[PDB]
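Structure first, commentary second.
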Amino acid sequence: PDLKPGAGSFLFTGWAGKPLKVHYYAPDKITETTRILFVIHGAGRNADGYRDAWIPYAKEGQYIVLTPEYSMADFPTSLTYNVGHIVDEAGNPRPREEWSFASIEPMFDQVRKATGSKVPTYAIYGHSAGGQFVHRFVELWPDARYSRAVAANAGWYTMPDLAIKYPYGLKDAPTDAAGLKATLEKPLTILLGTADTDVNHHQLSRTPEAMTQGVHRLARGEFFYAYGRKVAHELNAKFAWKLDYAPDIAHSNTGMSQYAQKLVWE
Numbered sequence: 030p031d032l033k034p035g036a037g038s039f040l041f042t043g044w045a046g047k048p049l050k051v052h053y054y055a056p057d058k059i060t061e062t063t064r065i066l067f068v069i070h071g072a073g074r075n076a077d078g079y080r081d082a083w084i085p086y087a088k089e090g091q092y093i094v095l096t097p098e099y100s101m102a103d104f105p106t107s108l109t110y111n112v113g114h115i116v117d118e119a120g121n122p123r124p125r126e127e128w129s130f131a132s133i134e135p136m137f138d139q140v141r142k143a144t145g146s147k148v149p150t151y152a153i154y155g156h157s158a159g160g161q162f163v164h165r166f167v168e169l170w171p172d173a174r175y176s177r178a179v180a181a182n183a184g185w186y187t188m189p190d191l192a193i194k195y196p197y198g199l200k201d202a203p204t205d206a207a208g209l210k211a212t213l214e215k216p217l218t219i220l221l222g223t224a225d226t227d228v229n230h231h232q233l234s235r236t237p238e239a240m241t242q243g244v245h246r247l248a249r250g251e252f253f254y255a256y257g258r259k260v261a262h263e264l265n266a267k268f269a270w271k272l273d274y275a276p277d278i279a280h281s282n283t284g285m286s287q288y289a290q291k292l293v294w295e
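Just so we're aligned, residue 30 is where the sequence shown starts under the entry's author numbering, counting upward by one.
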């Protein structure tokens, strides 16, 4: 069909999962070099706000913004959304095309088909639970066509460790040593707010497995990056991850996006 100039939404059904309402921003003129940025919301499923936060930057960069709404009704738990839904709540394996990750690539096709843009890649950004979604999408979707993925202020990480069990590591995860080696060469950027340091934040995991990564989101992000560098040395991977900071920003998608807007096109 179409995408309307400005802010809007469409219902996406071109995948094996549930229909997804995608809130978008489109520039006034779409050319065939108009870029496309996926913005992934957090646990509050505030997709409408996440698209709005990037509207000014998409207008000044003249690119499309896509924010899928993983509503509470259709994705009630974190396991159904940012953990990827690779198993149901009972532990039974689910088909890969029904994972929450499986919507990005076909959706990336459809919007191109509807706008006329022919860009071979997209950029993707996520904050908090969206940051978990994005770095797990990097770890478990080797086929993805992102030029850069930005994970901002994730609460805790799936660590690049083949001996730690999912979702705290890549043991019992759909990847192996070669896949991990390729993951360490992907253009992933961990962006952390220097004030995301409250060890008692009301959304912060304090499970022992999460505490092995650090006491707050900033420490955990730094430690996840360093662990990636270590295992990249172990596997002789050409380490491509990047570590960036948002000075004096905490767990705020607006403040983090103001800095991430200068990172997704790297």
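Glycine is no exception: its CB is placed at the ideal position from the N, C-alpha and C atoms.
What three-state label does DSSP hand residue i in the structure shown?
i	result
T218	strand
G284	helix
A279	coil
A36	strand
For residue i, I'd like the list of residues in its chain whose CB is within less than 7 Å of its CB, leaving aside the five on either flank, ordered along the chain.
i	result
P48	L40, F41 and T42
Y274	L221 and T223
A173	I133, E134 and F166
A289	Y154, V179, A181 and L220
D277	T223 and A224
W128	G113, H114 and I115
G145	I59 and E61
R123	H114, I115, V116 and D117
Beta-carbon separation of residue i and residue j under 9 Å?
i	j	result
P34	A55	yes
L169	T204	yes
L32	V140	yes
residue 303	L66	The question about residue 303 has no answer here: the residues shown for the chain are numbered 30 through 295.
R177	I153	yes
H245	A158	no
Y256	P189	yes
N182	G160	yes
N282	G78	yes
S234	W185	yes
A36	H52	yes
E126	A202	no
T62	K200	no
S100	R74	yes
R64	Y151	yes
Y195	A239	no
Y175	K142	no
Let me confirm a value: residue i is counted as buried when at least 16 other C-beta atoms fall within 10 Å, else exposed. Which label applies?
i	result
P171	exposed
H164	buried
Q232	exposed
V167	buried
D225	buried
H156	buried
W270	buried
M136	buried
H262	exposed
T106	exposed
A119	exposed
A206	exposed
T96	buried
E89	exposed
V94	buried
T212	buried
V228	exposed
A102	exposed
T236	exposed
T241	exposed
Suppose the cutoff is 6 Å on Cβ atoms and the five residues either side in sequence are ignored; what does the same chain contact list for residue i look like?
i	result
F104	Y110
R258	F268
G284	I278
- Message: At 4 residues or longer, what runs of the alpha helix (DSSP H) sit wholly inside the stretch 152 to 212?
- Response: 158 to 169 and 206 to 212
- Item | Whole beta strand (DSSP E) elements within the stretch 238 to 277, 3-residue minimum | 271 to 275
- Query: Where in the stretch 49 to 137 do unbroken runs of the beta strand (DSSP E), each at least 3 residues long, occur, reported from the N-terminal end onward?
  - Reply: 49 to 55, 65 to 69 and 93 to 98
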